[PDB]
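Only one chain is given next, in structure tokens, and it is the form deposited in one PDB entry.
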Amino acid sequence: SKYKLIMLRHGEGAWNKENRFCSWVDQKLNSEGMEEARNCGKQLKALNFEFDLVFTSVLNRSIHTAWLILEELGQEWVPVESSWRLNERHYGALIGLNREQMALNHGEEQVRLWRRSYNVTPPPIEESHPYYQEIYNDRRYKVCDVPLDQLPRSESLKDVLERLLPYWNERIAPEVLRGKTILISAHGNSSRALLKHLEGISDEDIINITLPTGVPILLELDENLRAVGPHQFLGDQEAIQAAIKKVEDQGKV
């Protein structure tokens, strides 16, 4: 392909382990996630990647992942840019809830729909939600390209792509066309959103795409920035498929 870029989902976190929808809650990576980030950097180093620019969300877990990757590459000097438009999909009222418990109470299929549907919008989070305050009172959301009151309170995967695409078009895509090697440290669903766009995945097929944590995703693009072949997870396919199954199994029981 004419261009190559790397995107990935950050490493494991406390909630990623307790199996609770984290979303816009600024939870940190745990020891296991930090190591995943380090292994990503080692895999990228083994493949000679030399980044010119890194894009992250404003959730610290995606930022720390990038930092750990850069340290392993000895590329801490590479410019980093962060944007809420790369933030994980907003789970609204579901934030904080245990996936397996919801599966038990509502049915595996119901939870699977909420998690992977392109169109279903979660119930908006309310000021009465246990984590509303610790989200909308943070200064990082007072300096976004849109007023605090204009930020979403819940999003379907479709909503995510709608607020992420502008950033890709205006800030990231231009750099890729310039020949720069870009690294995107994002999240599970915000990453699924960008892949849908780049690979032209249908609304139906995007439902079956689940991304493993801490695994480099190589995308090869043509002159029009359209993927030339499905995304490629860099690493041992067997261990990567088990990690994907692990994510899927979070909604089973």
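The first residue of the sequence shown is number 1, and the count goes up from there. For clarity, a rigid core is taken as the largest C-alpha set superposing within 1.5 Å between two forms.
Which has the higher mean CA temperature factor in the PDB entry, 143-151 or 173-181? For C-alpha atoms only, the mean B-factor is higher in 143-151.
Regarding 121-129 and 105-113, which shows the higher C-alpha temperature factor on average in the entry? Looking at the recorded C-alpha B-factors, 121-129 comes out higher on average.
Which listed residue, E72, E88, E100, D159, has the largest C-alpha temperature factor in the record? In this record, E100 carries the highest C-alpha B-factor of the candidates.
Would you check the entry's CA temperature factor for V80 and let me know if it's in the chain's lowest, middle or highest third? Its C-alpha B-factor belongs to the lowest third of this chain's values.
Test of reading the entry: by CA B factor among the chain's modelled residues, which third contains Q43? CA B-factor rank for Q43: lowest third.
Hey, what third does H187 fall into on Cα B-factor, ranked over its chain? Within its chain, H187 is a lowest-third residue by C-alpha B-factor, going by the deposited values.
Where does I207 sit by CA temperature factor within its chain: lowest, middle or highest third? Middle third, going by the recorded CA B-factors of the chain.
Could you look up the Cα B-factor of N224 in the entry and say which third of the chain it sits in: lowest, middle or highest? Highest third of the chain for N224's C-alpha B-factor.
As for the form deposited in another entry, it is not shown, yet the points below apply to it.
Using the rigid core as the fixed frame, list which single one of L104, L165, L177, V146 shifts its Cα by at least 2 angstroms between the shown form and the other one. Single residue meeting the criterion: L104.
Tell me whether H129 is among the residues that move between the shown form and the other one (Cα shift of 2 angstroms or more, core superposed). After core superposition, the displacement of the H129 C-alpha between the shown form and the other one stays below 2 Å, so no.
Is the C-alpha displacement of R115 equal to or greater than 2 Å between the shown form and the other one once the rigid core has been superposed? Yes, because once the rigid core is superposed, the C-alpha of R115 moves 2 Å or more between the shown form and the other one.
How about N16 - superposed on the rigid core, does its CA move between the shown form and the other one by 2 Å or more? Yes; that C-alpha moves by at least 2 Å between the shown form and the other one.
Using the form shown as baseline, tell whether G107 and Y132 are closer or farther in Cα-Cα distance in that other deposited form, where the change reaches 3 Å or more. Relative to the displayed form, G107 and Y132 draw closer in that other deposited form - a change of at least 3 Å between their C-alphas.
Just say closer or farther for the C-alpha distance from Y132 to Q101 in that other deposited form, relative to the shown form; it changes by 3 Å or more. So the answer is closer.
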